[PDB]
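Report on the structure given below.
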Amino acid sequence: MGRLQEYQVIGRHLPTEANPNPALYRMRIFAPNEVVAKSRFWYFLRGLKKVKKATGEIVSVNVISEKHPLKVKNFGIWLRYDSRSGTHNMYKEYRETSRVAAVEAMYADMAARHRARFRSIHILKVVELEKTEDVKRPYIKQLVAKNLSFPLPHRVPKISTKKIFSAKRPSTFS
Amino acid sequence: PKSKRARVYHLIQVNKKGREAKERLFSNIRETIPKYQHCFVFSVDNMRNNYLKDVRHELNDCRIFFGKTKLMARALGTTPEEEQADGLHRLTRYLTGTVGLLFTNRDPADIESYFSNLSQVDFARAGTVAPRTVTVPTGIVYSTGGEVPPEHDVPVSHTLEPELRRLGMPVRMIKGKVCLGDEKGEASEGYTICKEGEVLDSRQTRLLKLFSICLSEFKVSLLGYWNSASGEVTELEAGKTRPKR
RNA sequence: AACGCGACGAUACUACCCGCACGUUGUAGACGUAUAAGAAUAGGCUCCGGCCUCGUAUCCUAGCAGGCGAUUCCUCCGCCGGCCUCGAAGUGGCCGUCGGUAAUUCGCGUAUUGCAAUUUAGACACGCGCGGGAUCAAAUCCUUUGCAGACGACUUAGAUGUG
RNA sequence: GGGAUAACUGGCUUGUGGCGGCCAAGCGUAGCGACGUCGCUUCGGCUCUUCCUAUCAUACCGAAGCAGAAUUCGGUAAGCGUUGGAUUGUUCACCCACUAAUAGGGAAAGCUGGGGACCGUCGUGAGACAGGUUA
RNA sequence: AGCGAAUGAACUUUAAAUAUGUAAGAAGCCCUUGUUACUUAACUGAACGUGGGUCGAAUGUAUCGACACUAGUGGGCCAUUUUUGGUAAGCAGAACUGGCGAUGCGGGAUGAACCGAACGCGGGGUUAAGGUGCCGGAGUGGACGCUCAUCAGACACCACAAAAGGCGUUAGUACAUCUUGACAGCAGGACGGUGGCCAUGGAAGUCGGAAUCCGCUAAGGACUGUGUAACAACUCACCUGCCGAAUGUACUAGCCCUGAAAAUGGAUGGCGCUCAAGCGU
RNA sequence: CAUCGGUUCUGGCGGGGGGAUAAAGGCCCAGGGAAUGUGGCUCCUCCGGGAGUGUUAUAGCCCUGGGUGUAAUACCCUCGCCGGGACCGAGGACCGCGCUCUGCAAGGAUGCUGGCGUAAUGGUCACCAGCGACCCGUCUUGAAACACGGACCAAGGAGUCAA
């Protein structure tokens, strides 16, 4: 959702006399900005571990940029969302150019198909399918077909919304 | 998604076999192979094969296998490496369609004599060419269809009228008797089931069976066999003109 | 439909029609108020060559608010007639006469509205004036009738007659 | 005699009982647990206009040993109708017929028959008063 | 959290969220020796005195306190959170805080209890809540999907309402079958002991009771339906050939239909809106 | 209209800094690999095109490291410079802070010009138009609602005096 970037967030518990040099945990977080990125770090850590914001410290926040934002890739996202019944696992595939593009599409798709919100979705794994034959979903499988070429029937032309009256009836062929 | 036909769960005693029967079929053939001296491959192309049971009784010292062609082919081994005995892979070349195996301890010429003198009359089955024209006489239809003389025949059962009419016979019940036209036999002409030299379909074949009219012949055609002693497969009359695997 | 519409008859004055002369007259609002195929949108148009996202197109578009005289041009515009065509709440075409007319190129004129002030300019309707043609009407009150009626309203009859 | 209180209901209502056991997908990690099955059983009359359908009849359909006739159960349907007497013996108030049938409700309504509350006095194991006042 | 620390909400090294009482200076703390009628065994304590040492957290401060006098006030309604008890469901009672009472203005079509925001007379700029298809100022704005309802939906999400009915549609989970040929189909087999035993006028797989085995097998039930007076005959289960690549079952999550409605004609505010002018981001 | 001051809306341009001293990318260097397998080869082939083999050839692609390289660009933050509008001009000798000093944009608008000099601006009424807008008082109540008073006008009409 929004515009997202991958964030490498490393945080630690505040060093005490008994426990110097703490564990230095790490996560990858999709957030619109660095303020949200740190909040998700402590929200996730408060669940998993017993480290809180008061006794915590953010070591580094870094942006992970996609290595090849010009290569078309197939992504597989393993996510968990909770509904009125419970928490469910689902695996879905997105054909995109960057991981942030894939995750943004997932948030839109989960909202459209299951009315799931950002607070309800946990992103467990996003992976680049290194090769075809790793694509399981038929909608992605048809896009990776050999010699793909399709027409675009019934294309509605773009007429300025301030051009109320047209002299000729438009055509929907090109 | 939705809008699918409902699969009926049959309240039945016998289920589908699947993998267990296949493995059982492999074991039965593989243990049979060492026990016999010859392995015959025979063909029953478009036959009803209800007489194969009588063949088993006559050949009680032999073993006949009539299963899936692919299962029987690889049970014998289709390549020299997975083959069980020498020359078996070239026997599997004969296994193409509806065929069977005949393990015997007999003289090979004895088997040819038995299966060449064996001949039984059976029903047609679709695809066969009609050797004669069959016509039901116009009038009171009998339980044979103008083959046994009517004086020696009995009228057809009245519960067969919907079944006969479904296959296309314009019959009617007149006072409890199925009739073609009128009981006197003057209202209409007869019914021609099959004509001379014409391929007959299941509609015509079914009509022949209820009238107990046999138009085809049951005969087993031997394609070739394999000698355990010599490990060499020979070629019999039928096989030279028949597609191979 | 008592604030929807059509056809027809007769309309005295007033001014009914025609022409032009204006209005210190009204307008939910001129300023180039320009532009007709039908049909489909998983198809269509054609000149039969080809063409189609796209009306950011086509037409018209110069001149003292648009003068005068030429040079040069048969192009465009307008009024009248004749023949026809237009009815869904009715018009355009063809021909002829006359008038105007940069497609090219000049000569004379513009000043002073003073450095901007709506560039008062169109169409319809209405009214006032002349000069040409044309016409000489009805309704109501009243008396009467009863096919009508609380009263109005209504069907009638009153001019010479089958009153 | 004192205290809290004007009073109730408004997506209300309708056709299938309660209790106990067995089974029971799940939730959960013992407890809740539906459908089935077993066990025990003020009132009446008078009305006109319109609306509703939860249809008694008339129209059309589906099914039933529905032979015919007559029906029964169900569906779409409110277009069209839904009576005259008794109420003079008994009761859970309801017989006589005629008719195609003699369905049920809402607008909730007016006529007509049936069938007061405070003090005062004298007493209270209990009432009496032509004693006073009043909306 | 652990019990690779001991012991076993009632265990603990440590320790949540959450409100909440008290205290934070020279109007202060301790020491000291003079007296005293108090006290002690005692110049010993206590009180009354003497002297000593950056004014001891942050933030704000539109002044604080004492005394006297004077007028209007003595109610409550609703909501959040916590909490006590109860009902079939309602509901009744406490504590705090907030809104209304003395309040105008913007929005929710309208309005005691909702959201925004508080007020001298004017000009300019920018916003909040709420909105930008037309009433109506501002988008027939952009991206990806979902949905077709015989009175959809447009923020009521409580009740009807369930472990509910849908051969509507989309996404997903688990299990299972498949070139050893899966699902669907077509062409054929579906046999023998055996009309198994009892019963029946009759009863042979198919009016009934009970057993339900073996052979041949590729497979075929002492039989799933039609049928006969009883047979016969057909059909199903199951098997094979042809065909050829993906299927089946059960659940979950969205949106859609039903999940009960009476009676003057009317309501997402109205027109109306379907790759929306509906739903999610 | 020109030059200013205050406030504000809205365009463009020139630099600086920071990430992985962006990530990518173009051109080179050295490795490795694969297919939705380019050529080549084989078999089917109906103009057409399929199936198979194998690693760049008569296309290319992926991954790793290095060079150009302190590359460019996006995003974030920053220093300035020009442009186009709108509203406003409070004060009235000097004084002050200042600067780019014959002076100035520095403690608040001046300069130049035009038409008109009268209903022209302006004001009062009545009306049309767009948006807005419950009928007052009393009483009760937490509040509404009910209830009570109100046909209209003129004059009179109610916290005074004494102790």
Side-chain angles (χ1 to χ4, degrees), chain A residues 1-3 5 18 33 50 52 62-71 81 83-86 88-92 104-105 107-118 130-132 137 144-148 151 153-159 161 163 165-174, chain B residues 1-19 21-23 25-26 28 44-50 52-53 56-57 64-75 97-100 123 125-127 143 156-160 162-163 201-202 205 209-210:
Chain A
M1 42 43 78
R3 181 66 69 191
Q5 339 198 54
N33 67 56
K50 303 285 108 175
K52 296 183 289 294
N62 278 53
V63 169
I64 301 104
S65 324
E66 190 97 26
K67 316 209 43 79
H68 298 284
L70 288 180
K71 190 198 28 173
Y81 86 111
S83 76
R84 164 213 36 255
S85 67
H88 299 289
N89 271 287
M90 334 199 318
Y91 163 76
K92 281 150 100 43
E104 286 198 16
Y107 278 119
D109 183 74
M110 296 273 327
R113 299 215 190 246
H114 308 274
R115 266 69 193 187
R117 290 177 188 269
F118 169 82
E130 48 196 2
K131 67 217 305 147
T132 199
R137 300 284 173 226
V144 304
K146 196 185 217 132
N147 282 337
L148 214 188
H154 202 107
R155 274 251 274 189
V156 185
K158 270 262 194 64
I159 316 185
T161 77
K163 211 198 136 53
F165 299 112
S166 173
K168 296 162 44 215
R169 289 198 135 86
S171 325
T172 76
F173 318 109
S174 65
Chain B
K2 277 197 146 67
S3 192
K4 37 162 211 61
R5 75 184 280 200
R7 306 188 83 260
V8 285
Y9 190 86
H10 313 96
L11 285 307
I12 42 168
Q13 291 291 320
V14 41
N15 306 296
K16 300 192 65 123
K17 267 78 217 183
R19 282 259 80 193
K22 296 183 161 180
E23 299 267 24
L25 190 132
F26 292 116
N28 277 27
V44 305
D45 294 330
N46 205 236
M47 267 87 177
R48 288 177 183 265
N49 317 310
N50 43 39
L52 204 54
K53 281 222 172 253
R56 302 185 189 245
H57 206 262
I64 290 184
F65 280 107
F66 206 50
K68 281 222 208 203
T69 279
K70 316 276 233 271
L71 267 56
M72 276 178 348
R74 81 193 272 190
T98 169
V99 294
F123 308 116
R125 186 177 217 211
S143 184
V156 74
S157 182
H158 70 99
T159 176
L160 262 60
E163 169 24 47
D201 38 359
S202 58
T205 300
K209 205 167 127 53
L210 297 55

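Throughout, a chain's letter reflects where its sequence line sits, starting with A, and its residues are numbered from 1.
Residue contacts for A/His114: at a heavy-atom cut-off of 4.0 Å it reaches a base atom on one of the strands shown. Residue B/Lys17 is in sugar-phosphate contact alone, with no base atom involved, counting any heavy-atom pair closer than 4.0 Å across all strands shown. A/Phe173 comes within 4.0 angstrom of a base, heavy atoms only. B/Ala21 comes within contact range of no nucleotide atom at all, as no heavy-atom separation falls under 4.0 Å. Note on A/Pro170: a base of the nucleic acid sits closer than 4.0 angstrom, heavy atoms only.
Base orientation of E/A17: anti, since the glycosidic angle falls outside 90° of 0. With its glycosidic angle within 90° of 0, E/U103 is assigned syn. Here E/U264 is in the syn range [glycosidic angle within 90° of 0]. In this structure, E/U177 shows a glycosidic angle more than 90 degrees from zero, which is the anti conformation. By the rule that a glycosidic angle within 90° of 0 means syn, E/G101 counts as syn.
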Can you give me the N/O atom pairs linking the protein to nucleotides 60-70 of chain F at distances under 3.5 Å, or say none if there are none?
residue: F/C63; atom: OP1; partner: A/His68; partner atom: NE2; Å: 3.4
residue: F/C63; atom: OP1; partner: A/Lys71; partner atom: NZ; Å: 3.0

Can you check nucleotides 141-149 of chain E for protein contacts, nitrogen or oxygen pairs under 3.5 Å, and list what you find?
residue: E/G145; atom: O3'; partner: A/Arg113; partner atom: NH2; Å: 3.3
residue: E/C146; atom: OP1; partner: A/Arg113; partner atom: NH1; Å: 3.4

Hey, what are the protein-to-nucleotides 222-231 of chain E N/O distances that come in under 3.5 Å?
none

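Across every strand in view, E/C271 sits in a pair with E/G133 that passes the Watson-Crick or G-U test at under 3.5 angstrom. Nucleotide D/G113: paired with D/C43 (Watson-Crick or G-U wobble, both distances less than 3.5 Å).
Put simply, the side chain of A/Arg3 reaches to within 4.5 Å of the side chain of A/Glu104, judged on heavy atoms. Residues A/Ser166 and A/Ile159 are not in side-chain contact: their nearest non-hydrogen atoms beyond the backbone lie 4.5 Å or more apart.
Of the candidate nucleotides E/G168, E/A218, E/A253, E/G168 has the atom nearest to the side chain of B/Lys2.
Not one side-chain nitrogen or oxygen of B/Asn15 sits closer than 4.0 Å to the OP1 or OP2 atom of E/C238. Between A/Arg84 and E/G254 there is a side-chain N or O to OP1 or OP2 distance below 4.0 Å.
Put simply, chain A comes within 4.0 Å of RNA chain C, heavy atom to any atom, from C/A40 to C/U56, going 5' to 3'.
There is a side-chain donor-acceptor pair under 3.5 Å between A/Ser83 and A/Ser85.
No Watson-Crick or G-U wobble pair links E/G181 with E/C105 with both defining distances under 3.5 Å. Between F/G142 and F/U118 there is no base pair of the Watson-Crick or G-U wobble kind with both of its two distances under 3.5 Å.
Shown here are the side-chain hydrogen bond (donor to acceptor under 3.5 Å, both in side chains) partners of B/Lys53, two or more places apart in sequence or in another chain: there are none.
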Note to self: Each nucleotide in nucleotides 173-192 of chain E should get exactly one letter: B, S or -. Can you fill that in based on protein heavy atoms under 4.0 Å?
What the structure shows: S----S-BBSSS--BSS-B-
